[PDB]
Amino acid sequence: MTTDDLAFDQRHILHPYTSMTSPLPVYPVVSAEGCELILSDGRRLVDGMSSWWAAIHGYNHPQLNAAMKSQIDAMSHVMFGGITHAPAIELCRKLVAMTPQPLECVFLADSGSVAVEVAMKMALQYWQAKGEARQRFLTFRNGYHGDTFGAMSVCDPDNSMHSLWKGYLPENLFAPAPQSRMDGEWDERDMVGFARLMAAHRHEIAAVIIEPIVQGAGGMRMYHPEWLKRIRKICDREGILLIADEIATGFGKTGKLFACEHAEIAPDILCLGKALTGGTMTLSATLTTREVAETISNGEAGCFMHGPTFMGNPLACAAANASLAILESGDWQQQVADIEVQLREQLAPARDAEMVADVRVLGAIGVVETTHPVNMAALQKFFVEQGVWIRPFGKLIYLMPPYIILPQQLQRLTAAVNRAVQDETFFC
């Protein structure tokens, strides 16, 4: 990669949520292996982000590589319309078996936002088929479910700047963000807001949608499992569908295979992505119950009205399959368990740093919330200089490393966070 290459990227290439007139620096990666990213100039970085929570087995994993190459030898892609294939079947087999019992119907798709759109469409078509006028969604503040129109309609209105689309997006119901902590105690006062909304709109609510236990992009919040129990039961009593968006929490990240396990509940609709493929390429899945799948198919439309061009992509399914196989060994439990203890122990000190507001850890997720917003360009440069890859945002410096990280590598990550928050150099 030359500097002419980099100039082209700056001038012509949009990146996620970032200015085109005032872009900040981006770092050129040429390769990756184990828990390391390798920059154009040869510098090696310990990855603390797992490429946004997806690369749970790291990079250039032998088993993922072998699976992907063997699938390329067979066929990289074939359409799913009237056709099925081994990688899709094996993948759906594992997904059904590894999730609660009632979730036995799988809709594969290409990205997490699309998986959410699917869930929402499933809920609307379900009620339409039942003859009930239910088109509203009840969600939590601080939630994040994707960037498409429907997914945006259930994202935190303030976080996502809904004023930009005021009049275009449908207006849903927003209960207050859950206050009780995953670490701490339950407080029944937490429920009043949600109960008042349910009492007033019970008759028009299509589904309740939330991220179980951990609210990711909306604040790295970690709330009490009692919430899911309460919600599940309310939805049960009222007949309302429950959608669990586990695109970020799925596949071992919070200490359990699926965060719903922390509450011992099952949603009617389950959304999966990110770590599904071991972070090799995009893929998503939405699982539901027989009751939902059949009810939809029996309505006016005769089917679930959705079907993306690359639905069931073999290459991505094979990668996903190999990822799940690594997990079946059960090794991830001990790895995550150990990462959780090392994160609690090594981020604890940051609680005393002046720029820190809170420190929370769950599974392989370690968060340092600061009092002021970070200086993006300066802090990013700092992490790179320390030989680590950490990508902060707003007031959140967080780590979510591959499960195969070595204690020495993890220690390099925690050391870097602790050093970043020791004064105001990199803030505002």
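Note that residue numbering follows the sequence shown and begins at 1.
Check the entry's C-alpha temperature factors for 412 to 420 and 8 to 16, then say which stretch has the higher mean.
According to the PDB entry, the answer is 412 to 420.
Taking the recorded C-alpha temperature factors, which stretch has the higher mean, 212 to 220 or 235 to 243?
235 to 243 has the higher mean C-alpha B-factor.
Among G307, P349, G312, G112, single out the one with the highest C-alpha B factor in the record, please.
Of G307, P349, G312, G112, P349 has the highest C-alpha B-factor.
Using the entry's values, work out which of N159, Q125, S284, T280 has the largest Cα B factor.
Going by the entry's C-alpha B-factors, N159 comes out highest.
Taking the chain's C-alpha temperature factors as the reference, tell me which third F149 falls into: lowest, middle or highest.
According to the entry, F149 has a C-alpha B-factor in the chain's middle third.
In terms of the CA temperature factor given in the entry, to which third of its chain does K121 belong: lowest, middle or highest?
For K121, whose C-alpha B-factor we compare with every modelled residue in the chain, the answer is the lowest third.
Tell me, lowest, middle or highest third: where does the Cα B factor of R44 rank within its chain?
Highest third - that is where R44 ends up once the chain's C-alpha B-factors are sorted.
Taking the chain's C-alpha temperature factors as the reference, tell me which third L37 falls into: lowest, middle or highest.
Middle third of the chain for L37's C-alpha B-factor.
Quick check on the deposited entry: does the C-alpha B-factor of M198 sit in the lowest, middle or highest third of its chain?
CA B-factor rank for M198: highest third.
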